[PDB]
file run-v2.cif (mmCIF, C-alpha atoms)
data_model
#
loop_
_atom_site.label_atom_id
_atom_site.label_comp_id
_atom_site.auth_asym_id
_atom_site.auth_seq_id
_atom_site.Cartn_x
_atom_site.Cartn_y
_atom_site.Cartn_z
CA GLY A 1 -10.79 12.11 32.19
CA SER A 2 -13.83 11.51 34.37
CA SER A 3 -15.03 8.69 32.15
CA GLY A 4 -13.19 5.44 32.77
CA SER A 5 -11.43 3.48 30.06
CA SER A 6 -12.77 1.30 27.27
CA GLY A 7 -13.07 -2.44 27.73
CA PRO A 8 -10.90 -4.59 25.44
CA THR A 9 -11.38 -8.27 24.70
CA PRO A 10 -9.10 -11.32 24.89
CA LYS A 11 -9.13 -11.75 21.13
CA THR A 12 -7.49 -9.90 18.26
CA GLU A 13 -7.19 -10.17 14.50
CA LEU A 14 -4.28 -11.23 12.33
CA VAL A 15 -2.20 -8.36 11.01
CA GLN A 16 0.61 -8.47 8.47
CA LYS A 17 3.24 -5.76 8.73
CA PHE A 18 5.90 -5.45 6.05
CA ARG A 19 8.76 -2.98 6.30
CA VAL A 20 8.60 -1.32 2.90
CA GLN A 21 9.81 2.01 1.57
CA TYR A 22 7.50 4.81 0.50
CA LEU A 23 8.27 6.01 -3.00
CA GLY A 24 5.36 8.43 -3.01
CA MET A 25 1.80 8.93 -4.19
CA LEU A 26 1.26 9.20 -7.93
CA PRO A 27 -2.23 9.78 -9.35
CA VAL A 28 -3.58 7.74 -12.23
CA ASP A 29 -6.52 7.99 -14.60
CA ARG A 30 -7.04 4.28 -15.15
CA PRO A 31 -8.13 2.66 -11.88
CA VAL A 32 -7.27 -0.65 -13.49
CA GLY A 33 -4.35 -1.83 -15.60
CA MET A 34 -0.68 -2.72 -15.35
CA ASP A 35 0.90 -0.47 -17.96
CA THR A 36 -0.19 2.60 -16.04
CA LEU A 37 0.75 0.87 -12.81
CA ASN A 38 4.31 0.23 -13.92
CA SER A 39 4.45 3.63 -15.58
CA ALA A 40 3.51 5.15 -12.24
CA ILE A 41 6.17 3.20 -10.37
CA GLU A 42 8.90 3.74 -12.94
CA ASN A 43 7.92 7.39 -12.72
CA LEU A 44 8.25 7.53 -8.95
CA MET A 45 11.21 5.17 -9.04
CA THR A 46 13.29 7.75 -10.88
CA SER A 47 11.97 10.35 -8.47
CA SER A 48 13.74 10.35 -5.13
CA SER A 49 16.53 7.86 -4.55
CA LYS A 50 15.97 4.51 -2.88
CA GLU A 51 17.52 5.53 0.43
CA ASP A 52 15.42 8.67 0.17
CA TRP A 53 12.32 6.51 0.47
CA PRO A 54 11.35 6.32 4.15
CA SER A 55 11.23 2.84 5.63
CA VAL A 56 7.57 2.37 6.44
CA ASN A 57 5.46 -0.65 7.33
CA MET A 58 2.45 -1.99 5.46
CA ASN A 59 -0.27 -3.08 7.86
CA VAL A 60 -2.76 -5.60 6.53
CA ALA A 61 -5.84 -6.55 8.51
CA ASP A 62 -9.62 -6.38 8.50
CA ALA A 63 -9.19 -6.43 4.74
CA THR A 64 -7.37 -3.11 4.83
CA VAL A 65 -3.99 -1.66 3.91
CA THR A 66 -2.59 0.86 6.35
CA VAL A 67 0.94 2.18 5.92
CA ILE A 68 2.39 2.57 9.39
CA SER A 69 5.66 4.35 10.07
CA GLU A 70 8.77 2.53 11.23
CA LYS A 71 9.44 4.48 14.40
CA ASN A 72 5.81 4.28 15.44
CA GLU A 73 3.44 1.32 15.45
CA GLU A 74 0.59 3.74 16.05
CA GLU A 75 1.26 6.39 13.43
CA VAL A 76 -0.69 5.85 10.24
CA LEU A 77 1.03 7.42 7.25
CA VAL A 78 -1.46 6.16 4.69
CA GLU A 79 -4.74 4.36 5.27
CA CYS A 80 -5.97 2.31 2.33
CA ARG A 81 -8.76 -0.24 2.33
CA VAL A 82 -9.33 -3.23 0.08
CA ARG A 83 -12.90 -1.96 -0.08
CA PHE A 84 -11.68 1.33 -1.48
CA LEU A 85 -9.05 -0.27 -3.68
CA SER A 86 -9.42 -0.51 -7.44
CA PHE A 87 -6.36 -2.37 -8.65
CA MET A 88 -2.67 -3.04 -8.14
CA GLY A 89 0.21 -5.36 -8.96
CA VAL A 90 3.98 -5.67 -8.89
CA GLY A 91 5.82 -3.17 -11.05
CA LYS A 92 8.66 -4.06 -13.39
CA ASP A 93 10.88 -5.12 -10.52
CA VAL A 94 9.52 -7.63 -8.03
CA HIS A 95 10.85 -5.28 -5.38
CA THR A 96 8.02 -2.84 -5.98
CA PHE A 97 4.34 -2.73 -5.08
CA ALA A 98 1.70 -0.21 -6.09
CA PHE A 99 -2.08 -0.15 -5.93
CA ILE A 100 -4.74 2.22 -7.19
CA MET A 101 -7.09 3.40 -4.46
CA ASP A 102 -10.35 5.32 -4.53
CA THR A 103 -10.58 8.51 -2.50
CA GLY A 104 -13.54 10.11 -4.24
CA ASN A 105 -14.37 12.67 -6.90
CA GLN A 106 -13.24 10.46 -9.76
CA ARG A 107 -9.80 10.52 -8.18
CA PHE A 108 -7.38 7.64 -7.75
CA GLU A 109 -4.05 7.46 -5.96
CA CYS A 110 -1.34 4.88 -6.55
CA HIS A 111 0.89 4.30 -3.55
CA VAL A 112 4.23 2.94 -4.70
CA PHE A 113 6.32 0.88 -2.30
CA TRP A 114 9.43 -1.27 -2.18
CA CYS A 115 9.09 -4.76 -0.75
CA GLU A 116 11.88 -7.28 -0.33
CA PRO A 117 12.93 -9.57 -1.47
CA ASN A 118 9.81 -9.23 -3.58
CA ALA A 119 6.32 -7.80 -3.23
CA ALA A 120 4.90 -11.28 -3.62
CA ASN A 121 3.70 -11.84 -0.08
CA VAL A 122 2.72 -8.21 0.31
CA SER A 123 0.77 -8.09 -2.93
CA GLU A 124 -0.78 -11.40 -1.95
CA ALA A 125 -1.47 -10.49 1.66
CA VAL A 126 -3.14 -7.43 0.20
CA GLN A 127 -4.75 -9.26 -2.70
CA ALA A 128 -6.09 -12.07 -0.53
CA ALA A 129 -8.04 -9.22 1.02
CA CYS A 130 -9.04 -7.45 -2.17
CA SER A 131 -9.84 -10.68 -3.98
CA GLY A 132 -11.73 -9.39 -6.99
CA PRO A 133 -13.13 -10.82 -10.24
CA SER A 134 -11.28 -10.94 -13.54
CA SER A 135 -14.27 -10.15 -15.72
CA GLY A 136 -12.61 -11.99 -18.58
#
call {"tool": "encode", "arguments": {"input": "run-v2.cif", "output": "structure tokens"}}
result
Amino acid sequence: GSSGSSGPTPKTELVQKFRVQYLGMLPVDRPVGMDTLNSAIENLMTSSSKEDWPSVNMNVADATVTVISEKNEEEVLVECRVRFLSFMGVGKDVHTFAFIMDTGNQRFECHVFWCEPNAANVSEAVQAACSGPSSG
């Protein structure tokens, strides 16, 4: 390592980590909507028990959503960005959070998660970042 080391700065950003479980990744056709959202969750929900879901952490910063493991603050299970997001919301139960992301090739992935006591702060912390129009 001939080259020295990078030079950090005495200033960081605000990050919000939330220990949530990882239900799994279910694809969806509609990048927007709740029905499908819930449907996705409910689908995953049934799949794999609750305890089966690995306790992960949801990092939120720089308007991004990165799912970091529990036994590793460096590991990045899933890396989602509010800029690549399409939609989301809280499933049937308030203890569930899923959002449709954009990967490319007309493909969308919905990452289901379990937040307690409710995915209100998470969804918000994530939404506050997304912050999109309603086009009503």
call {"tool": "closest_atom_pairs", "arguments": {"input": "run-v2.cif", "of": "segment 30-72 of chain A", "to": "segment 93-112 of chain A", "cutoff": "7 Å", "atoms": "all atoms listed in the file", "output": "tab-separated table"}}
result
residue	atom	partner	partner_atom	distance
A:31	CA	A:100	CA	5.8
A:37	CA	A:98	CA	6.9
A:41	CA	A:112	CA	6.0
call {"tool": "resolve_selection", "arguments": {"input": "run-v2.cif", "expression": "the PyMOL selection byres ((chain A and resi 127) around 12)", "output": "ChimeraX atom specification"}}
result
/A:60-61,63-65,81-83,85-90,97-99,119-126,128-133
call {"tool": "write_last_selection", "arguments": {"input": "run-v2.cif", "atoms": "C-alpha atoms", "output": "mmCIF file, in the frame of the given file"}}
result
data_model
loop_
_atom_site.group_PDB
_atom_site.id
_atom_site.type_symbol
_atom_site.label_atom_id
_atom_site.label_comp_id
_atom_site.auth_asym_id
_atom_site.auth_seq_id
_atom_site.Cartn_x
_atom_site.Cartn_y
_atom_site.Cartn_z
ATOM 1 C CA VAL A 60 -2.760 -5.600 6.530
ATOM 2 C CA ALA A 61 -5.840 -6.550 8.510
ATOM 3 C CA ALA A 63 -9.190 -6.430 4.740
ATOM 4 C CA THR A 64 -7.370 -3.110 4.830
ATOM 5 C CA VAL A 65 -3.990 -1.660 3.910
ATOM 6 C CA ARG A 81 -8.760 -0.240 2.330
ATOM 7 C CA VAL A 82 -9.330 -3.230 0.080
ATOM 8 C CA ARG A 83 -12.900 -1.960 -0.080
ATOM 9 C CA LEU A 85 -9.050 -0.270 -3.680
ATOM 10 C CA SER A 86 -9.420 -0.510 -7.440
ATOM 11 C CA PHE A 87 -6.360 -2.370 -8.650
ATOM 12 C CA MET A 88 -2.670 -3.040 -8.140
ATOM 13 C CA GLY A 89 0.210 -5.360 -8.960
ATOM 14 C CA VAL A 90 3.980 -5.670 -8.890
ATOM 15 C CA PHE A 97 4.340 -2.730 -5.080
ATOM 16 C CA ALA A 98 1.700 -0.210 -6.090
ATOM 17 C CA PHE A 99 -2.080 -0.150 -5.930
ATOM 18 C CA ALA A 119 6.320 -7.800 -3.230
ATOM 19 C CA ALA A 120 4.900 -11.280 -3.620
ATOM 20 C CA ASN A 121 3.700 -11.840 -0.080
ATOM 21 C CA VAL A 122 2.720 -8.210 0.310
ATOM 22 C CA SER A 123 0.770 -8.090 -2.930
ATOM 23 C CA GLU A 124 -0.780 -11.400 -1.950
ATOM 24 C CA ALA A 125 -1.470 -10.490 1.660
ATOM 25 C CA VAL A 126 -3.140 -7.430 0.200
ATOM 26 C CA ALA A 128 -6.090 -12.070 -0.530
ATOM 27 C CA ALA A 129 -8.040 -9.220 1.020
ATOM 28 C CA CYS A 130 -9.040 -7.450 -2.170
ATOM 29 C CA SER A 131 -9.840 -10.680 -3.980
ATOM 30 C CA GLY A 132 -11.730 -9.390 -6.990
ATOM 31 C CA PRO A 133 -13.130 -10.820 -10.240
#
call {"tool": "atom_distance", "arguments": {"input": "run-v2.cif", "atom1": "atom CA of residue 21 of chain A", "atom2": "atom CA of residue 71 of chain A"}}
result
13.1 Å
call {"tool": "residues_around", "arguments": {"input": "run-v2.cif", "residues": "residue 78 of chain A", "least_positions_apart": "6", "cutoff": "8 Å", "atoms": "only C-alpha atoms", "output": "PyMOL selection string"}}
result
chain A and resi 66-68
call {"tool": "axis_aligned_box", "arguments": {"input": "run-v2.cif", "around": "segment 105-110 of chain A", "padding_each_side": "8 Å", "output": "lines of an AutoDock Vina configuration file"}}
result
center_x = -7.9
center_y = 8.8
center_z = -7.9
size_x = 29.0
size_y = 23.8
size_z = 19.8
call {"tool": "atom_distance", "arguments": {"input": "run-v2.cif", "atom1": "atom CA of residue 20 of chain A", "atom2": "atom CA of residue 39 of chain A"}}
result
19.6 Å
call {"tool": "atom_distance", "arguments": {"input": "run-v2.cif", "atom1": "atom CA of residue 18 of chain A", "atom2": "atom CA of residue 54 of chain A"}}
result
13.1 Å
call {"tool": "closest_residue", "arguments": {"input": "run-v2.cif", "among": "A:62, A:56, A:1, A:27", "to": "residue 77 of chain A", "atoms": "all atoms listed in the file"}}
result
A:56
call {"tool": "closest_residue", "arguments": {"input": "run-v2.cif", "among": "A:33, A:24, A:91, A:8", "to": "residue 53 of chain A", "atoms": "all atoms listed in the file"}}
result
A:24
